[PDB]
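# Here come the first chain(s), positioned as in the complex:
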Amino acid sequence: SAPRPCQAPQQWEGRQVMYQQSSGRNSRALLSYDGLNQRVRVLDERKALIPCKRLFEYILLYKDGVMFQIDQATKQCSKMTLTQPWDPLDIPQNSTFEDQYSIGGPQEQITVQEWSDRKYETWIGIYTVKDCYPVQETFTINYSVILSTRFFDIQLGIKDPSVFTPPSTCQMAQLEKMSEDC
């Protein structure tokens, strides 16, 4: 027979490195992922002091239809409507099985599997074999990367759920986006 898809943990926090082709750049962030409540929080990290990217904090509530963008310094808020639907960090059953790799080398390694859902926008995810932790996600339109994103330092559960409760400023914030440049 053929490999059957495992079940990704649906409550965990860790760190991400996200590449997007629109900018052509990498963004580091902390990432809280609560798939049980369809909600996700992310906090920009600066790598070195070279880009002055202006750090932000984004809170996405898909149970509602909304997301908040918060300057990390001034804490000023932007309320953005959420259009596209909730798309969880798991490997759906309908997905096909591409490949099984091993990362690292002979002494210290993990086995991982690459799956493709092709949800013509195609999605491809790499999750571990033993316990199904996410390592990488890639969304691609006609066979060119629009976005990929790497995950590490993952621990299960959410430590402090207040991460998901927006600051006082978002009680009545603008509606019209904020920049991301100094």
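The structure has been received and is ready for your questions. Residues are numbered from 1 along each chain as shown, chains lettered A, B, ... in the order given.
# When you work out contacts or count neighbours from here on, use the C-alpha atoms and nothing else.
Noted.
# Can you give me the distance of the residue nearest to residue A:143 when sequence neighbours are not counted to residue A:24?
Setting aside the residues directly before and after it, residue A:143 is nearest to residue A:122 in space (CA to CA, 6 or more residues apart in numbering), at 7.8 Å. As judged by CA to CA, to the nearest Å, residue A:122 and residue A:24 stand 19 Å apart.
# of those two, who's got more company?
residue A:122 (16 against 9; other CA atoms under 10 Å).
# buried sites along the strand or helix carrying that one?
Assigned by DSSP states H and E, residue A:122 belongs to strand A:121-128. Within strand A:121-128, the residues that count as buried by 16 or more other CA atoms under 10 Å are A:122-128.
# Relative to residue A:171, how far out is residue A:71?
Distance from residue A:71 to residue A:171, by CA to CA: 15 Å.
# Compare the two and say which is more crowded by neighbours.
Neighbours per residue (other CA under 10 Å) separate residue A:71 from residue A:171, with residue A:71 holding more: 18 against 10.
# Please name the residues that touch the closest residue to the more buried one other than its chain neighbours.
Leaving aside its sequence neighbours, residue A:71 sits nearest to residue A:56 (CA to CA, 6+ apart; 4.8 Å). With contact set as CA atoms under 8 Å, 6 or more residues apart in numbering, residue A:56 has these partners: A:43-44, A:69-72.
# tell me which element residue A:80 falls in.
With DSSP H and E as criterion, residue A:80 is part of strand A:77-81.
# next structured bit after that strand?
strand A:96-104.
# residues contacting residue A:92?
A:5, A:117.
# what about it, distance to residue A:116?
Where residue A:116 is concerned, residue A:92 sits at a distance of 9 Å (CA to CA).
# Next: residue A:127.
11 Å.
# Measure how the longest strand along chain A sits relative to strand A:121-128, angle-wise.
Across chain A, the longest stretch assigned as strand under DSSP state E is strand A:144-156. Orientation check (axes from the mean of the first three to the mean of the last three CA atoms, to 10 degrees): strand A:144-156 against strand A:121-128 gives 30 degrees.
# hmm, who's touching strand A:144-156?
Counting by CA under 8 Å, 6+ apart, A:9, A:11-22, A:134-140 sit against strand A:144-156.
# Residue A:109 touches residue A:129, doesn't it?
No: taking contacts as CA atoms under 8 Å, residue A:109 lies outside contact range of residue A:129: 11.6 Å.
# higher neighbour count, the two?
Between residue A:109 and residue A:129, counting by other CA under 10 Å, residue A:129 is the more crowded of the two (17 against 10).
# how many other residues sit next to the closest residue to residue A:150 other than its chain neighbours?
Nearest non-adjacent residue to residue A:150, counting by CA to CA, 6+ apart: residue A:136, 4.5 Å away. Residues near residue A:136, counting by other CA under 10 Å, number 19.
# Another chain to add, chain B:
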Amino acid sequence: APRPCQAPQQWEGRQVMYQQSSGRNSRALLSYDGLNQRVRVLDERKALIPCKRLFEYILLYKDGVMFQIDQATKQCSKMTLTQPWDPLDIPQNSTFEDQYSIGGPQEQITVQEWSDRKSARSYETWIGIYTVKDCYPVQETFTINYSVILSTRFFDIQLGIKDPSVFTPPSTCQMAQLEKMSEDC
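Let me add chain B to what's already shown:
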């Protein structure tokens, strides 16, 4: 402060190479022989969807040459090698960025991210992710003014080269086409 480990300088495995020029990922087999300054790579096709035409590239940097070989007809292209040899290691001059852990608890590897930012007056930064215990390469990313021009992931690494004949070009490359050839069906 973290000191850079020593990468293995002979291994074979598989690569996934992203290129921004194409915007695409290409899978291939990779034999890497940094002791002999030479590297061979053999295209793999994902599915039967792109008809990308498979190739085999052999890079001999000691002789300053590289050959591009059709996997079907075995026709060859000899292209002189310009930019110099750059091994898959973390040079000493490199600075230390971050230490991650991939996967989740129990089935995990710790890795270190290092950056050489090797200018050569253009400010092209190099960023490589290597394992912490025994220094195996997992990922390489070259970027010019802070946008990815090329990255490449490595897996299924075993040490040494099993059959070194991979590095001897086929009979046809003894006098090859001398220009580039296409990669399309």
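# now that chain B has been added, could you go back to the contacts of strand A:144-156?
With CA atoms under 8 Å, 6 or more residues apart in numbering or on different chains as the contact definition, strand A:144-156 has outside contacts at A:9, A:11-22, A:134-140, B:22-25, B:100-105.
# Make a ChimeraX selection of the buried ones in the residues you listed.
Only the buried entries of the contacts of strand A:144-156 go into this ChimeraX selection, using 16 or more other CA atoms under 10 Å in any protein chain shown:
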select /A:9,11,12,13,14,15,16,17,18,19,20,21,134,135,136,137,138,139,140 /B:24,25,100,101,102,103,104
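# Which strands or helices does the strand holding residue A:122 pack on?
Strand A:121-128 sits against strand A:109-116, strand A:134-141, with contacts defined as 3 or more CA pairs under 8 Å, 6 or more residues apart in numbering or on different chains; DSSP states H and E.
# Adding distance to chain B, write these out as CSV.
Output for the helices and strands packed on strand A:121-128, formatted as CSV (distance: least, CA to the nearest CA, whole Å):
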stretch, distance to chain B
strand A:109-116, 6
strand A:134-141, 6
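# Next to chain B in this structure, residues from chain A, please.
A:23-26, A:47, A:101-110, A:127-128, A:130-131, A:133-135, A:143-145, A:151-155 (CA under 8 Å from any CA of the partner chain).
# Determine the set of other helices and strands touching the strand holding residue A:80.
By 3+ CA pairs under 8 Å, 6+ apart, strand A:77-81 packs against strand A:66-71.
# Partner strands of the strand it packs on, with direction?
strand A:56-61 (antiparallel), strand A:77-81 (antiparallel) (DSSP bridges).
# thinking in terms of the whole chain, how far from its middle is the shortest one?
In other words, strand A:77-81. Its chain's C-alpha centre and that of strand A:77-81 lie 19 Å apart, by CA atoms, centre = their mean, to the nearest Å.
# a strand runs through residue A:171, doesn't it?
No: counting by DSSP: H, G, I helix; E, B strand; the rest coil, residue A:171 falls outside a strand, being helix.
# Residue A:182: what's it in contact with?
A:52-54 are the contacts of residue A:182 under CA under 8 Å, 6+ apart.
# And for residue A:176?
Going by CA under 8 Å, 6+ apart, residue A:176 touches A:78-80.
# likewise residue A:38?
A:61-63, A:86, A:88.
# Kindly recompute the last result at 7 Å.
If you count contacts by CA atoms under 7 Å, 6 or more residues apart in numbering or on different chains, residue A:38 has them with A:61-63, A:86.
# which among those gets closest to chain B?
residue A:86 (23.5 Å; CA to the nearest CA).
# Surely that closest one and residue A:62 touch.
Yes: because the distance of 6.2 Å satisfies CA atoms under 7 Å, residue A:86 is recorded as touching residue A:62.
# related to what we said a few turns ago, output the longest strand of chain A as PDB - backbone C-alpha positions only.
Presented in PDB, the C-alpha positions along strand A:144-156 are these (Å, rounded to 0.1, in the frame of the first residue of the first chain):
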ATOM      1  CA  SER A 144       6.100  29.900  -9.800                       C
ATOM      2  CA  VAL A 145       6.400  30.700  -6.100                       C
ATOM      3  CA  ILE A 146       4.200  33.500  -4.800                       C
ATOM      4  CA  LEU A 147       4.900  32.600  -1.100                       C
ATOM      5  CA  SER A 148       6.700  30.100   1.000                       C
ATOM      6  CA  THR A 149       7.300  30.000   4.700                       C
ATOM      7  CA  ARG A 150       9.500  27.900   7.100                       C
ATOM      8  CA  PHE A 151       8.700  27.000  10.700                       C
ATOM      9  CA  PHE A 152      10.900  26.100  13.600                       C
ATOM     10  CA  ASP A 153      11.300  26.200  17.400                       C
ATOM     11  CA  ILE A 154       7.800  24.800  17.600                       C
ATOM     12  CA  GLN A 155       6.300  24.000  21.000                       C
ATOM     13  CA  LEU A 156       2.800  22.700  21.400                       C
END
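# Thank you kindly, that will do.
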